[PDB]
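Colleague: Take this structure first; my questions come after.
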Number of protein chains: 2
Amino acid sequence: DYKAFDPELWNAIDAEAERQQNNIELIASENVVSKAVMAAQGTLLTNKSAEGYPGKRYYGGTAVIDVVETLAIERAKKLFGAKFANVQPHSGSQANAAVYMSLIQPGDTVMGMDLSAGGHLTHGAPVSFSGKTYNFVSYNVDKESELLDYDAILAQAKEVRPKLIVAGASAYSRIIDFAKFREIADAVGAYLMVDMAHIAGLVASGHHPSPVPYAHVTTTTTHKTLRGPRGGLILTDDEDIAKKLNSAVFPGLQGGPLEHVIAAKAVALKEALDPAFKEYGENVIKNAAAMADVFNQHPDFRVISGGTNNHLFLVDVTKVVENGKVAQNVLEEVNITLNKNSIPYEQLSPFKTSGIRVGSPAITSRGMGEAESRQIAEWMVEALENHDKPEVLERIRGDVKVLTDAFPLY
Amino acid sequence: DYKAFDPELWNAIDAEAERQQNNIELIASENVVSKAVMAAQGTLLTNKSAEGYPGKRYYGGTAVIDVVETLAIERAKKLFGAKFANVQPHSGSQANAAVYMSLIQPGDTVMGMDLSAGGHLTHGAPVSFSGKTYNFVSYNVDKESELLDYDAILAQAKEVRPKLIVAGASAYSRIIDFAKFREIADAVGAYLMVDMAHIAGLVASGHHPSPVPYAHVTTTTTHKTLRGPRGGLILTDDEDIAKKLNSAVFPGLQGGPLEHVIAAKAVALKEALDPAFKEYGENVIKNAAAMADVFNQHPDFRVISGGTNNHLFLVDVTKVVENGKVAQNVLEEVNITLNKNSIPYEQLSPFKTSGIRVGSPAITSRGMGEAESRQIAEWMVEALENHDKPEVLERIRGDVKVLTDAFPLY
Ligand SMILES: *[C@H](N[C@H](CO)C(=O)O)c1c(COP(=O)(O)O)cnc(C)c1O
Ligand SMILES: *[C@H](N[C@H](CO)C(=O)O)c1c(COP(=O)(O)O)cnc(C)c1O
Ligand SMILES: [Mg+2]
């Protein structure tokens, strides 16, 4: 009935709920959060300014806010096995900024994964505060295997002499060896920071090795595979680092935290501590593998590194369509959303790319299994193969509606 | 019933809803958002990654997100009379960071209001990124009048030669002359940034003259007097500056925006565009004047600057209780929340202070008027006079309960 006061706004919110229902979401970073997560960030906790930390706030009337934030901190520590957690970062990007501010100074040398191989903007892009403030040098995957080569990264680190190595990626499909990253860091006297945003849910589910025992500091989004609200999180085992991180988040970088979003983080972290989260992770892994297998067996398509051991994979589409932007646009026509993506050693424009990135988390959260995941990948191959046949795309779009009706979003 | 799964979290949220109902909220930054604002940030908009700007997103299936974000932008532009708006900043601190990144360089000199006279942490505190990155040199209020002296500030600017002047405050009761601030900036070829976070509601209601025609760039929180969700907003009339601001917010400082929060910004901005919002502003002014008048007349209390023309005022409490912190602790015992606050030329430790800060927006949103405001101020005078008479406090707590039951929070 507040809806009656603002139809243009509430019409658009209702349309987005229906678009999410009627579309197959394969964007590897996306998920479907619980009713409980959305309800928690729709609470009157937005009415309370909580500058500072539990028991050490700028203002009064914060005793109950302190219970909520302490639940989020304790559940993070328990879930990831860390001695310290900071649940205030507004975003993964703000989490990363606080860690740089805590460990290094402006102009220090940092190594981060190449943006074409899956490094984030905040891992040294020149258009990011990261690239503008610090001296980032990128490491890549091997050109032939498309795998991290820890011997090559070591040789580069001994030349570059970084103060900090950043590990973690948004387009890398294989198991990262975090013990090797920390061995590299230790060999050159560098800090190791792991941004586990993409894989945090699989770390929580037991399906990906934890960086937490190896990274001086671990950052993540609470969204993506962890299936939480949009925000950031920082972990460490080192009490002196924890004090600097806390001061860097507030008052270094942010002011008041979003305590309604932190309530939602507490909700999501308790959902990830449930035994049912292990089964989620297992279905995320099986579902992503079942899609990759369709592309591996098709002669016209190549999966980057030959497959996946996580939630995502990339496909070189350039034997079937001109570039990944074309592939993204064709699949959108049949109500399948994914993103064009640069492949390692990408030769085409970053606006076009050679690739698509596919993820399983959102379709897994809707209850889909291996048979549905395989059928979705068969529709992708068929749509790209027949991109100039409207009657084909029309039929695939109608088949997609039967599957979305069968696996309702909420 | 999702709440059965997590009673510790949902019991804490019920405990905060009761705490807010049974508390008289005088923290001058606090407010009571509409059910519509909370509902918008509890939507499945949290599921969509919207890196980029409307029509220029990193990913597809963003055409409905684009309508929502464009409503927030169009409403900010219409409400404040600005040619350009950015609704993505996660916070007021993030909005300010993007403006500095757009207009100046590290090491550049900036003038901002002294932190003791109500400058924000992000206006050059040494523990903020603001003081760490830029050379902040404060202007103060007149020691006698506790007013801004535009002649004194002009002389200081001619001597310091800042690249940027920051105006706006968290603890200043009087009308800030934005036309004079622009004259001062113009005299030295500085940019003028106004942070209107505390007064944006009064600007929107017509009760404070707008900085928007005078500042090169205006920042604000969407929360505080504007009565929106927690977040930031940037306004400018200069198209070249607007492009720099857009790049600085993303990919300069942030990654994906909180589109659920942006929907709530669009909701709050439509509310502020309503004729009822003028009546809200009217009552905020009246209620604050009413409380200020009680302290003005009582002989044991001085109001800083001797009164208010906005939503807040400060009171020197040191003749009645040892320090502002003691006053905060005592009023907490009778279910009245405000904060200890430094006064101009504060002499005591920042952890104690001589002052309390009081504002009207929250009690005004609960539907209270001049009578209840006068009454609340009488209760505050009485509790502080009788601070070690346990039975006087207990009886005030009871009178407070009658008022809170009379004006239900929701
Ligand atoms: C509000 N913050 C002050 C501390 O609450 C206050 O006294 O009211 C404020 C901001 C807040 O930015 P965040 O959203 O916390 O990052 C920024 N600018 C000004 C002038 C404020 O008053
Ligand atoms: C998410 N990054 C990309 C877009 O979502 C992606 O390709 O998946 C991400 C972040 C995001 O931080 P924000 O909350 O948007 O600031 C940070 N770090 C990594 C590794 C990501 O994948
Ligand atoms: Mg506080």
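Colleague: Considering every residue within region B:123-133, establish whether at least one is more than 16 Å from ligand 3 (Cβ to nearest atom), crowded, with 22+ Cβ neighbours inside 10 Å and over 19 Å from the mean Cα position of the chain (by Cα).
Modeller: Yes; the residues of region B:123-133 include at least one that is more than 16 Å from ligand 3 (Cβ to nearest atom), crowded, with 22+ Cβ neighbours inside 10 Å and over 19 Å from the mean Cα position of the chain (by Cα).
Colleague: Also: Got a number for residues in region B:134-155 being of a type in the set (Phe, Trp, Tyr) and within 18 Å of B:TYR172 (Cα to Cα)? Even if it seems obvious, please write down each step before you answer.
Modeller: Pass one, region B:134-155, residues of a type in the set (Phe, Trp, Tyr): B:134, B:136, B:139, B:150.
With within 18 Å of B:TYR172 (Cα to Cα) added as a condition, the list becomes B:139, B:150.
Residues flagged as of a type in the set (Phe, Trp, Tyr) and within 18 Å of B:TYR172 (Cα to Cα) within region B:134-155 amount to 2.
Colleague: For region B:365-410, name all the residues that are more than 14 Å from chain A (Cβ to nearest Cβ), under 25 Å from B:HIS223 (Cβ atoms) and among the β-branched types (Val, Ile, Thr).
Modeller: Residue satisfying the conditions is B:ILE376 alone.
Colleague: Also: Taking region B:206-221, which residues are surrounded by fewer than 24 Cβ atoms within 10 Å (Cβ to Cβ) and farther than 15 Å from B:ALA190 by Cα? Can you show your working first?
Modeller: Taking region B:206-221 as the starting set, the residues that turn out to be surrounded by fewer than 24 Cβ atoms within 10 Å (Cβ to Cβ) are B:206-210, B:212-214, B:216.
Within region B:206-221, B:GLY206, B:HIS207, B:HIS208, B:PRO209, B:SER210, B:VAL212, B:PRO213 qualify.
Colleague: Please work out which one of (1) touching a strand residue (DSSP E or B) at 6+ places or on another chain (Cβ under 8 Å); (2) in a helix (DSSP H, G or I) is the condition A:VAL64 fails and give its number.
Modeller: Here A:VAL64 meets the rest and fails (1).
Colleague: Find the residue count for region A:45-57, including only residues that are assigned to a helix (DSSP H, G or I) and either more than 16 Å from ligand 1 (Cβ to nearest atom) or of a type in the set (A, V, I, L, M) (or both). Please lay out each step first, then the result.
Modeller: If we filter region A:45-57 for residues that are assigned to a helix (DSSP H, G or I), which is where we start, we get A:45-47.
Checking which are either more than 16 Å from ligand 1 (Cβ to nearest atom) or of a type in the set (A, V, I, L, M) (or both) leaves us with A:45.
Counting residues in region A:45-57 that are assigned to a helix (DSSP H, G or I) and either more than 16 Å from ligand 1 (Cβ to nearest atom) or of a type in the set (A, V, I, L, M) (or both) gives 1.
Colleague: Going by the conditions given, is A:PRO89 under 15 Å from A:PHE250 (Cβ atoms) and either of a type in the set (A, V, I, L, M, F, W, C) or within 14 Å of ligand 3 (Cβ to nearest atom) (or both)?
Modeller: Numbers: under 15 Å from A:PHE250 (Cβ atoms): yes; either of a type in the set (A, V, I, L, M, F, W, C) or within 14 Å of ligand 3 (Cβ to nearest atom) (or both): no.
Judged against the criteria, A:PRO89 is not a match.
Colleague: Mind listing whichever residues of region A:4-23 are surrounded by 19 or more Cβ atoms within 10 Å (Cβ to Cβ) and of a type in the set (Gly, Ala, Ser)?
Modeller: A:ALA12
Residue-by-condition table, conditions (1) more than 10 Å from chain B (Cβ to nearest Cβ); (2) within 15 Å of ligand 2 (Cβ to nearest atom):
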position	(1), (2)
A:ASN47	no, no
A:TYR59	no, no
A:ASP66	no, no
A:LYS77	yes, no
A:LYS83	yes, no
A:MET101	no, no
A:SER116	yes, yes
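Colleague: Looking only at residues in region A:118-145 that are closer than 21 Å to A:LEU312 by Cα and in a helix (DSSP H, G or I), which one is farthest from the other protein chains (Cβ to nearest Cβ)?
Modeller: A:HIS123
Colleague: Tally up the residues in region B:337-371 that are within 16 Å of ligand 3 (Cβ to nearest atom) and of a type outside the set (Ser, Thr, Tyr), please.
Modeller: Quick first cut of region B:337-371, residues within 16 Å of ligand 3 (Cβ to nearest atom) only: B:337-342, B:350-351, B:353, B:356-357, B:359, B:362.
Retained after the next criterion (residues that are of a type outside the set (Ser, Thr, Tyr)): B:338-341, B:350-351, B:356-357, B:359, B:362.
Final tally of qualifying residues: 10.
Colleague: Here is a follow-up. Would you confirm whether or not region B:148-155 contains a residue that is part of a loop (DSSP other than H, G, I, E, B) and more than 20 Å from B:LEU314 (Cα to Cα)? Working first, answer last.
Modeller: If we filter region B:148-155 for residues that are part of a loop (DSSP other than H, G, I, E, B), which is where we start, we get B:148-149.
With more than 20 Å from B:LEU314 (Cα to Cα) added as a condition, the list becomes none.
No, region B:148-155 contains no residue that is part of a loop (DSSP other than H, G, I, E, B) and more than 20 Å from B:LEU314 (Cα to Cα).
Colleague: Among the numbered criteria (1) within 25 Å of the chain's Cα centre (by Cα); (2) over 24 Å from B:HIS208 (Cα atoms); (3) of a type in the set (D, E, K, R), which single criterion is violated by B:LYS389?
Modeller: (1)
Colleague: Here are some conditions: (1) in contact (Cβ under 8 Å) with a residue 60 or more places away in the chain; (2) closer than 17 Å to A:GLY119 by Cβ; (3) crowded, with 24+ Cβ neighbours inside 10 Å. A:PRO344 meets all but one. Which one does it not meet?
Modeller: With (1) in contact (Cβ under 8 Å) with a residue 60 or more places away in the chain; (2) closer than 17 Å to A:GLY119 by Cβ; (3) crowded, with 24+ Cβ neighbours inside 10 Å applied to A:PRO344, the lone miss is (3).
Colleague: Looking at (1) under 25 Å from B:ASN246 (Cα atoms); (2) within 16 Å of ligand 3 (Cβ to nearest atom), find the lone condition where B:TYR58 falls short.
Modeller: It is condition (2) that B:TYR58 fails.
Colleague: Just the residues that are outside any helix (DSSP H, G or I) and either under 25 Å from B:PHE277 (Cβ atoms) or not assigned by TED's automatic domain parsing to the domain that holds B:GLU279 (or both), please, taken from region B:365-404.
Modeller: Answer for region B:365-404, where residues must be outside any helix (DSSP H, G or I) and either under 25 Å from B:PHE277 (Cβ atoms) or not assigned by TED's automatic domain parsing to the domain that holds B:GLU279 (or both): B:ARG366, B:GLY367, B:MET368, B:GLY369.
Colleague: From A:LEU26, A:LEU71, A:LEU79, A:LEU44, grab the single residue that is over 25 Å from B:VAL127 (Cβ atoms) and buried (at least 24 other Cβ atoms within 10 Å of the Cβ).
Modeller: Details: A:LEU71 fails: buried (at least 24 other Cβ atoms within 10 Å of the Cβ); A:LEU79 fails: buried (at least 24 other Cβ atoms within 10 Å of the Cβ); A:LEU44 fails: buried (at least 24 other Cβ atoms within 10 Å of the Cβ).
Result: A:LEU26 is the single residue among A:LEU26, A:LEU71, A:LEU79, A:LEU44 that is over 25 Å from B:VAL127 (Cβ atoms) and buried (at least 24 other Cβ atoms within 10 Å of the Cβ).
Colleague: Of everything in region A:242-288 that's surrounded by fewer than 19 Cβ atoms within 10 Å (Cβ to Cβ) and more than 24 Å from A:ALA39 (Cβ to Cβ), which residue is farthest from the other protein chains (Cβ to nearest Cβ)?
Modeller: A:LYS286
Colleague: Looking at A:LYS224, is it among the basic types (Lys, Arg) and either within 14 Å of chain B (Cβ to nearest Cβ) or under 21 Å from B:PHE129 (Cβ atoms) (or both)?
Modeller: Values: among the basic types (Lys, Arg): yes; either within 14 Å of chain B (Cβ to nearest Cβ) or under 21 Å from B:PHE129 (Cβ atoms) (or both): yes.
Answer is yes for this residue.
Colleague: Would you say A:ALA187 is within 15 Å of ligand 2 (Cβ to nearest atom), in contact (Cβ under 8 Å) with a residue 24 or more places away in the chain, away from every other protein chain (no Cβ under 13 Å) and among the aliphatic types (A, V, I, L, M)? Break it down stepwise before answering.
Modeller: On the way: within 15 Å of ligand 2 (Cβ to nearest atom): no; in contact (Cβ under 8 Å) with a residue 24 or more places away in the chain: yes; away from every other protein chain (no Cβ under 13 Å): yes; among the aliphatic types (A, V, I, L, M): yes.
For A:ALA187, the condition - within 15 Å of ligand 2 (Cβ to nearest atom), in contact (Cβ under 8 Å) with a residue 24 or more places away in the chain, away from every other protein chain (no Cβ under 13 Å) and among the aliphatic types (A, V, I, L, M) - is not met.
Colleague: Could you check, for region B:235-248, whether at least one of its residues is within 28 Å of B:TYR59 (Cβ to Cβ) and within 20 Å of the chain's Cα centre (by Cα)?
Modeller: Yes: region B:235-248 contains one or more residues that are within 28 Å of B:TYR59 (Cβ to Cβ) and within 20 Å of the chain's Cα centre (by Cα).
Colleague: Related question: Among the candidates B:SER93, B:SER34, which residue alone is under 30 Å from B:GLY359 (Cβ atoms) and away from ligand 2 (no atom under 16 Å from the Cβ)? Step through it out loud before you land on a result.
Modeller: Values: B:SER93 fails: away from ligand 2 (no atom under 16 Å from the Cβ).
Exactly one residue qualifies, and that residue is B:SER34.
Colleague: Which pairs turn up if I take residues in region A:49-76 that are without any contact (Cβ under 8 Å) to a residue 24 or more places away in the chain and in the same structural domain as A:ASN246 (by TED's automatic domain parsing) and look for partners that are of a type in the set (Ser, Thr, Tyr) and outside any helix (DSSP H, G or I) with beta carbon separation below 6 Å, at least 6 apart in sequence or on another chain?
Modeller: Close Cβ pairs (under 6 Å, with a partner that is of a type in the set (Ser, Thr, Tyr) and outside any helix (DSSP H, G or I)) amount to A:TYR59/A:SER49; A:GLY60/B:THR337; A:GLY61/B:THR337.
Colleague: Just checking, does region B:10-30 include any residue being under 25 Å from A:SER93 (Cα atoms) and within 7 Å of chain A (Cβ to nearest Cβ)? Lay out the reasoning, then the answer.
Modeller: Taking region B:10-30 as the starting set, the residues that turn out to be under 25 Å from A:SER93 (Cα atoms) are none.
No.
Colleague: Okay, next question. Evaluate the following for A:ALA4: is it touching a residue at least 12 places away in the same chain (Cβ under 8 Å), of a type outside the set (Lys, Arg) and more than 7 Å from chain B (Cβ to nearest Cβ)?
Modeller: On the way: touching a residue at least 12 places away in the same chain (Cβ under 8 Å): no; of a type outside the set (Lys, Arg): yes; more than 7 Å from chain B (Cβ to nearest Cβ): yes.
Criteria not met by A:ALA4.
All Cβ positions, even for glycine, are placed from backbone atoms using ideal geometry, and neighbour counts span all protein chains on display. What is reported rests on the model, the rules as stated and the sources as named; none is laboratory data.
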